[PDB]
Amino acid sequence: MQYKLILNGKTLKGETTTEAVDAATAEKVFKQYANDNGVXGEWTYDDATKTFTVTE
């Protein structure tokens, strides 16, 4: 139930984590987080390692 976020912004590179029971819930949380950090970017999703990647 853990999901990662890989931030590749023009001035913001990093990775965060959250615990969510649904991929859309996790995506929404990460999108909110990204937006608060100024990002949103092109969003890619890997379901093998449960990671969302943002390419600004």
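Could you give every pair whose Cβ atoms fall below 6 Å, whose first residue belongs to the range 1-30 and is over 13 Å from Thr44 (Cβ atoms), and whose second residue is aromatic (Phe, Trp, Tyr), counting only separations of at least 6 or pairs across chains?
Listed pairs, sorted by first residue: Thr18/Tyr3; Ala20/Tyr3; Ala26/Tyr3.
For residues that are of a type in the set (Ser, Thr, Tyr) and out of contact with any helix residue (DSSP H, G or I) (no Cβ under 9 Å at 6 or more places or on another chain), scanning just the range 13-56, find the one that is farthest from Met1 (Cα to Cα).
For the range 13-56, the residue satisfying everything is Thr55.
A quick note on method: Cβ atoms are made from the backbone with ideal geometry, for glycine too, and the neighbour counts reach across all protein chains shown. Just so you know, all these numbers are worked out from the coordinates, no wet-lab data involved.
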